[PDB]
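Order of the sequence lines sets the chain letters (A, B, ...), proteins ahead of strands, with each chain counted from 1. The figures here come from the full heavy-atom set of this structure, side chains too, leaving out hydrogens, waters and symmetry mates.
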Amino acid sequence: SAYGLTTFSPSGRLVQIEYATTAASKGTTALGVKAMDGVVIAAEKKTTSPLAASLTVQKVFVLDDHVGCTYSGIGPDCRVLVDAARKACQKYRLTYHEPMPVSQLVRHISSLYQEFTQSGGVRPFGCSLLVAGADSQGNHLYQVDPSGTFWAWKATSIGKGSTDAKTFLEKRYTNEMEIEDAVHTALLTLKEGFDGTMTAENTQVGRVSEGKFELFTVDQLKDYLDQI
Amino acid sequence: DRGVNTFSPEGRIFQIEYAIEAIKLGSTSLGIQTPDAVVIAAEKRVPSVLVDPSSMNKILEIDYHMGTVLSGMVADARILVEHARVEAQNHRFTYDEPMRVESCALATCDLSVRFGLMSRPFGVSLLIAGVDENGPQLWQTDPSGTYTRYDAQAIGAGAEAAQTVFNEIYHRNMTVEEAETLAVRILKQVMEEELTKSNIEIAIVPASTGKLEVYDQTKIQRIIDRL
Amino acid sequence: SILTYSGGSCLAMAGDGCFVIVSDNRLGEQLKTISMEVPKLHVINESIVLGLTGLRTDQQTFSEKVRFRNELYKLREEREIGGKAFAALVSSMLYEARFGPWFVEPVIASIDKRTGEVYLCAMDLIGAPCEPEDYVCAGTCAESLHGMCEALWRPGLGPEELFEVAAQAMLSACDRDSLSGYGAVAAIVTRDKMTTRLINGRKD
Amino acid sequence: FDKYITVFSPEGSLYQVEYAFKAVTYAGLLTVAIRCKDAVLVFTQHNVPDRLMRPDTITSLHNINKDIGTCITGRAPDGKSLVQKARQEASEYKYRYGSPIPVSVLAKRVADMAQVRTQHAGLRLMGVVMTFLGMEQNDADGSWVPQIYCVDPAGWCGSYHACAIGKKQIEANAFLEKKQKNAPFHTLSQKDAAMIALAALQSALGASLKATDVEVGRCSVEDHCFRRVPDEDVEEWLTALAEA
Amino acid sequence: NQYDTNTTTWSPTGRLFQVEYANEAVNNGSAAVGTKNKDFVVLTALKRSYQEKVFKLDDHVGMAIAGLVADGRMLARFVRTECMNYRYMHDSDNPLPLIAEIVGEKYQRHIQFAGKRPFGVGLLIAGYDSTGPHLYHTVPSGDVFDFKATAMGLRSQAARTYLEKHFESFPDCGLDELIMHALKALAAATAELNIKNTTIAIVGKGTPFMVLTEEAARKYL
Amino acid sequence: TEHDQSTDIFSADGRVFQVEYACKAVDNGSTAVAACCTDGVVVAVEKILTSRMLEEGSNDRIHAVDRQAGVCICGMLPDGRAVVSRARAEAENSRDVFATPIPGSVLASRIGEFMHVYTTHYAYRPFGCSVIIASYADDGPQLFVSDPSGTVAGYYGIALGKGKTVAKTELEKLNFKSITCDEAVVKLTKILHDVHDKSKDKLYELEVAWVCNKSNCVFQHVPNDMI
Amino acid sequence: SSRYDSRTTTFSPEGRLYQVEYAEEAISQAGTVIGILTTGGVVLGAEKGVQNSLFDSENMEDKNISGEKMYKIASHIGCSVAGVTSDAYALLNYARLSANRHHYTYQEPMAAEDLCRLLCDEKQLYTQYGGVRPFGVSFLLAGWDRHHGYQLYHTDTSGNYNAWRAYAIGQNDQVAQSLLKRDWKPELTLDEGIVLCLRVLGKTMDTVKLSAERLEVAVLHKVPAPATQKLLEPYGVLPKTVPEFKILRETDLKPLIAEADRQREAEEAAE
Amino acid sequence: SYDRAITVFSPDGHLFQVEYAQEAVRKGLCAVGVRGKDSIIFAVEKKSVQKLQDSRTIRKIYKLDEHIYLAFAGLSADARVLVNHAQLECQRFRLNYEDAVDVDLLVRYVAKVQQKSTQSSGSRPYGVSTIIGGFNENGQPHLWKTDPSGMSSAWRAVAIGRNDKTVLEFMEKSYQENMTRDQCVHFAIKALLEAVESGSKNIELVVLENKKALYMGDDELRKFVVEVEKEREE
């Protein structure tokens, strides 16, 4: 099949892109906060049942040694973007022998979203991403949506509990936060919207600092949860 | 809604039936075979007095011994006649002799049937007229890719009328004058306008010389007056 | 030899917060001279100069391809490329023609605007780099040039002293070579400015 | 229209994916897998309705390679097509990297095959859940640990302590949840794990089982290979359950 | 009818309608007959402005068609080409059972895929090889029947009714009585038969596939 | 009810209706039976004749696919013939590449895979035949059935087509461990004569084949005297 | 699968192409964009959306290549877009690649009308071949070349283009086009053009004072040529002035916004 | 690669995609050609007069080679693609045969491109009708018209686009053989003002003579329009 599935409608709307954006906005909550010396991203990972192994569920991904991401929406669709992003980072190192800037990686991702809104025989991706990283121009946090549009943010949230989280961050955010105060703020913002008890096993956290991106282990995250 | 390859419940392909309807809305064309010669003729039908009638020829040469008259969609017909020309020259190239009229009819039908690639059949029927070792001949091609030999035939809007005039007057044994005359008679009847000498085309291929001759305006008038 | 058909030579040297890069002016067809005004240096941006030697048709073709990629880089990335990334780019373009090569041998000099660190590179014709901290040379009088620099260069020269050493090395080597000469052109690059000078030489 | 091809409905869902999951229960059989201290086990119903069928030719279990097994649940021929694609994948991996594919990596590759059909029009989704079983090595000490990974028609890929799939999966999962509260399944012996899996099948089917009604697979620390368990070993687990 | 548009749609009662409709193209073609005795096969056909209905496929084999002529010609070119290759590689006649199998298989590929149309033509194939005379009938569904006598086309039920009375006597008949039985069967599906509207073709022991001229056909009409 | 127009769509209940419809074509076709003895395998099928003027061997439903294996077709014969070709190619591949006669279980699984792929794609339809596979290679005597869904199973005895419910009843009163290939031919033929419906189908004959020790593990038609 | 084809490239019954008309309706819902031709250059101005406090900068090293609404194509050509944003990025890359290939082949800059004609042919193609939706974008292009000087073009969703002395696309384009038809004159300077642009955006946005945070302005003008290295290029000849595309900052707009508020307070006084 | 059939026959012999293309042509601006003794005139209506339009107007009469020009009606973007194909064919002909292309042969190439668009899977027809005129290498003038089906014919004067049938009736009465360069310009302006409203800057005009072409300026055109507006009052 080689005809288009996404088309214009009488008032100028592309409805499959809206429907895909509705699927992204019903995923579980993820967020991100940019400090003056790094970035933190976090996400809920609740399982449906205790017969599921918690450890293996991943909501936060490494894309390369300096940059990582999280998502809300349809997980299997996110895996396709994570594989394409990893590949682009390595291809950039082979050609220039330095790390791909986050601005260039986001544009690469955005153009892959745009193709699935126009090519024949395909529907759009049903997930939004948060991308966080460090390069020569500093620390960055971006959001990308199913249309392919992207924005740079100081703090933001995606998914179900995303409006209340964004109101809570607007109050508590300051331009002069250290990285450790940002990890505190991020974990406090999740707790507000969380249904049940937040544990180090049902949440996941990643951090950019000193030019490197790293997932927290369960043990590291427990120390931060006992202080909040 | 229903595709290009679909059969109807009585076993016909729909797109081929419709292409045959488009031919019945054409300008009228006809041919008559005698033992001496074969004759072809067409209603021109120009849209205004501002058109140069030269530019609207409905009778084309394929090679020295064969000519064609077309009915239905003119631009589709030009694709077929270009193919017939290229085939008749390939035959001379390879075998150093003229191509037979029946073989040229056959080649044109093998192009006309390759759709399902092309989106639709050609909306065209040709009458091909020529001379080879079997004498003067007249063949018809049609959008189903069938070809048939005839003694006299007409195609287009006035076709049904002209097959009643043929079923009265045509015998297998006429002369060049009686056929030239029967042609301009049938045209006068089934036309819309009044029949001048710059409003129809005529051509002959005679057994004697075996070359195709397209009649001028001067020579057509002698045939109007003889009426 | 295809690499010696057209003539020409290039040298670059490092100092304290500066470099100097120098080329000859000759263009030929084996022993015939076509022109005496063809320097072989290309300014890429304020921080980087490329010298190209080898067959002249491949110098002109390869430098046009490099300028085209650099223009698209600036629009995509919204910044100037730096010296280490530029040399990696050039090495990747040469290796793409591994089994049907461009007959050129690049010399690259750059200075990091922020730190004041100098970076030199020379490549063979399929892209293998060598990155010393003193000098690099290529072209028809490469063997002589390589020995003049080993004798005259020393650490920690300022712009004007380093200029004198590079000019003398280029003129002594060209006087023992039939295929390079007719004076030289030099660029002197610091963090703050870029100077260019025309050096007088022999006319044979 | 959203009912017939892979495009989104207005609520953000994909109906061909929902319907491919009903194909999993429509087939009418139940499977249960469980991981204990030193092994992983899988128990699936062996249905031979017709008395003229040759029972040893009807199986839901297959080897992907020596060391990885699968169990198919749902539309049977759909599942056999995924066994052939998985076999091909494991053999390409070995050629390219020179070592046998790990069970977590293979499950992810098959999950990607599925996601491609939810996003491109014109090929039917496969109406199966595939469960993969095998031992995997730790990089720290070099010790081996059993795994279960399930892959569904949406392209989701996940790991379990124990799972039931198929008809009455809701009731069989509830049952395993209760039993888990006593002792975590990773402390249990094979026998105790087996008594929990067989009790869950029976409870959900509402019937009694003989050895010929179930087929069982196993990998262990002792023998990495995926192998069918002999009928005599199963009889003795059922006997042991009937007592208590 | 929601199931009658494409070749790739089964109906709820297990039928394929587009293939039944292509088979009506054959049943409305002009009639043709075939018969055989111990060592000959005869074909006759109503060809009435002459319309070609019989085609030679190699020295030892030919056919009559009914239905769409342009599909007839496409199959004739395929079988011709196959017989030429066989003789190139083996220096002998392509066996008739293998011709009938490749034709059947080519019809079937055109009833299973959406980018192909069924062939709307029926063939009677007649030939003579090392195992004797053969007569096959092929139809748009892809079936192939091996016959002692049959007829296809318009009003071919009357021809088939006549052949059911006499066919058991054909093995003992000579070539002249066999030709006559074939014309009396074709007559039952019908103006009367002259040398200008009827074709007669023959193939057999010591006889390459040939179409009688108007001279030779006078003896029987 | 748009969900039943192509094989690439599930219904709300988790069914694929085009495949069910294809199965209905097999269930309305002529009956077949088969049995696995200790020596070999025997297959028999009813041919409904459409004319009393057919030659013998016309529209055969049983075909050899290697020296030691054979196939019988139920439902639509030209669809069956496409599967026979595929099977012939798989048996040849096994001899040429792996230097073995294809084992029966492997042949059946490749035939299943091939049939399944036509239940997945908008541009093709499912086959309207079920195939009985009978083999005796290094894995012993084996009898399998593959249906239009691509599902494959092994049997001791089996019946297909419109007489199958009754025929199954009668195969259940045989002893499969004990029976020989000469007894089997008599019993199987009897079942087929008894389920034949004399009102609907007036003319018929039986076709029978085997592979066993007596035949040297060669698959072949039984000589017409043993009926 | 063919029964679910929507037939995007098929004529409808008055010679209309419906997907092309519907994409035009999408443009008319987008942020307003203005262009003005002066004797000193071209001005492009755009309304930005409402400004949240949690927005950040990309912090790019060179600031005159791209804003939110304005993009450089080559040193002598810039543009501004209305419509589907990710579609604009796909066509912007195509234009960048076309204009820089020309310079590779001829070593001179591409003409402005030529670049506009290549871009429009890329749009026309998707309306005639290939079964997918068209692009939903409209561009204003500003350029300078030696053939016709300063130019301003507009492109639409059908692949048609036209030349203008002033123009507007997006939301309130009939209001903006009426005010420009009154206050444009052949003898405008670059600074008078920038003021005339801020007042038109002022009116359509419908705020008495101009927020400097809700506007974007770019110019295509001619500046003194830089170096002239006759030692490295002995036959190189530059002219006195070269085109430049510049995106104005908040410290260049401050005086020009003042002049636009005074002329707003002296137009509310006469009434 | 999309390969759906778009242009198909329907039950009374109609090709609807071709008739719809012919409707887009009748909605288009009006265009006129006139053959004189030793000149060819092309005249075209323009979209409208505005204060904001740029004085240097985009040309809607195209040059195909030194000696051949083209005007059109219908979808302007489809016409630009056709012009591009015909420019390449003129140069391909010089490369292969050395001579300059004849006008009738270039018209056949263009008509064949239109005809193919009505029969190729995966694509719709061009919604364009063209008028093409030029001089051979022996000074003789030709003027041709093509429609969206691919049908071509030669004319002495002709009109296409909106109110074609009105302008064609006017021209049928008044046309005379062997007119002068200035008598032709008059006749063409007059014919256009049967459809169009005013005659200010809503006409462009090209005069083609053996070895010279001219896009008429505003001043010379104003002179010819007032002369014609005076004669329309009588």
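No close placement of the H:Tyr2 and A:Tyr3 rings is indicated, their centers lying 6.0 Å or farther apart.
Summarising the geometry of E:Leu123 relative to E:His137, their closest heavy-atom pair is O-ND1, 3.1 Å, with the distance given to 0.1 Å. In plain terms, the two heavy atoms of H:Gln115 and B:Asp76 that are nearest each other are NE2-OD1, 2.8 Å. The minimum heavy-atom distance between H:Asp12 and B:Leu25, with the atom names listed, is O-CD1, 3.9 Å. Nearest approach of F:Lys24 to E:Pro12, heavy atoms of both residues: CE-O, 3.0 Å. Here the closest heavy-atom approach between residue H:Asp147 and residue H:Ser149 is recorded as OD2-OG, 2.7 Å. The shortest heavy-atom contact between F:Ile73 and F:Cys129 is CG2-CB, 4.2 Å.
Side-chain contact annotation: H:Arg124 with H:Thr118, donor-acceptor N/O pair under 3.5 Å absent. Inspection of the F:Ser85 and F:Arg81 side chains reveals no N or O donor paired with an N or O acceptor under 3.5 Å. Side chains of H:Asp3 and H:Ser1: no donor on one and acceptor on the other come within 3.5 Å. With hydrogens and angles left out, the side-chain atoms of E:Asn6 and E:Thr8 include no donor and acceptor closer than 3.5 Å. With no hydrogens or angles considered, no side-chain donor-acceptor pair links E:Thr198 and E:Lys47 at under 3.5 Å. Between E:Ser11 and E:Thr13, the side chains place a donor N or O and an acceptor N or O closer than 3.5 Å (distance only, hydrogens not considered).
Around CE of H:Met151, the count of heavy atoms belonging to other residues, nucleotides or ligands within 6.0 Å exceeds 12. More than 12 heavy atoms of other shown residues, nucleotides or ligands fall within 6.0 angstrom of atom CG in E:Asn1. In this structure, H:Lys116 places its NZ atom where only 12 or fewer heavy-atom neighbours from other residues, nucleotides or ligands lie under 6.0 Å away.
For residues 9-28 of chain B, the pairs satisfying salt bridge (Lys or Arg N to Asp or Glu O under 4.0 Å) are B:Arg12-B:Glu17, B:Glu21-B:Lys24, with sequence neighbours left out. Residues in residues 119-129 of chain F take part in these salt bridge (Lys or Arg N to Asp or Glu O under 4.0 Å) pairs, two or more places apart or across chains: F:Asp79-F:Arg125.
Partners of H:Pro148 under the side-chain contact (heavy atoms from CB on, under 4.5 Å) rule, at least two apart in sequence or in another chain, are H:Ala21, H:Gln22, H:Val25. With sequence neighbours left out, B:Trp139 forms a ring-ring contact (aromatic ring centres under 6.0 Å, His included) with B:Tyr147. The side-chain contact (heavy atoms from CB on, under 4.5 Å) test applied to E:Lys196 returns E:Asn194, not counting sequence neighbours.
F:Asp8 contributes atom CG, which lies 10.5 Å from atom OG1 of F:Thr119 (distance to the nearest 0.5 angstrom).
By the 6.0 Å and 45° rule, F:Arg15 stacks over the aromatic ring of F:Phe17. A cation-pi arrangement is absent between E:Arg15 and E:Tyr3, since the terminal nitrogen or guanidinium carbon is not both under 6.0 Å from the aromatic centre and inside a 45° cone about the axis.
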Handout entry: E:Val121 and E:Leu75: CA distance, side-chain angles, deciding distance, side chain to side chain contact (heavy atoms under 4.5 Å, CB included) verdict
Key = CA-CA 9 Å; E:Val121 76; E:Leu75 294 171; 3.6 Å; yes
Practice task
Go through the steps for E:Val144 and E:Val103 under the test side chain to side chain contact (heavy atoms under 4.5 Å, CB included), then give the verdict.
Solution key: CA-CA 9 Å; E:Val144 183; E:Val103 170; 6.0 Å; no
Practice task
Would you sort out whether E:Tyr136 and E:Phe145 count as a ring pair (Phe, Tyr, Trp, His ring centres under 6.0 Å), showing the intermediate values?
Solution key: CA-CA 6 Å; E:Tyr136 294 102; E:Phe145 305 95; over 10 Å; no
Exercise for the section: Determine, step by step, whether G:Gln128 and H:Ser123 satisfy the side chain to side chain contact (heavy atoms under 4.5 Å, CB included) criterion, reporting the C-alpha distance in whole Å, the side-chain angles of both residues, the deciding distance to 0.1 Å, and the verdict. Expected result: CA-CA 6 Å; G:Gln128 182 167 26; H:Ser123 178; 3.8 Å; yes
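Of the charged side-chain nitrogens involved, none lies within less than 4.0 Å of a carboxylate oxygen, so that B:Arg78 and B:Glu82 do not count as a salt-bridged pair. Using a 4.0 Å cut-off between charged nitrogen and carboxylate oxygen, H:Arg4 and G:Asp5 count as a salt-bridge pair. For the pair G:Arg3 and B:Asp1, the salt-bridge criterion is not met [side-chain N within less than 4.0 Å of a carboxylate O].
Looking only at distances, a side-chain donor or acceptor of B:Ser27 sits under 3.5 Å from a matching main-chain atom of B:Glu43.
Below 30°, between 30° and 60°, or above 60°: for E:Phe119 and E:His110 the angle between ring planes is between 30° and 60°, a tilted geometry. Ring geometry for H:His14 versus H:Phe16: interplanar angle under 30°, hence parallel rather than tilted (30 to 60°).
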Would you be so kind as to tabulate the donor-acceptor pairs closer than 3.5 Å made by side chains of residues 150-162 of chain B, with sequence neighbours excluded?
unit_1	atom_1	unit_2	atom_2	d
B:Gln153	OE1	B:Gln140	NE2	2.8
B:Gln153	NE2	B:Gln163	OE1	3.0

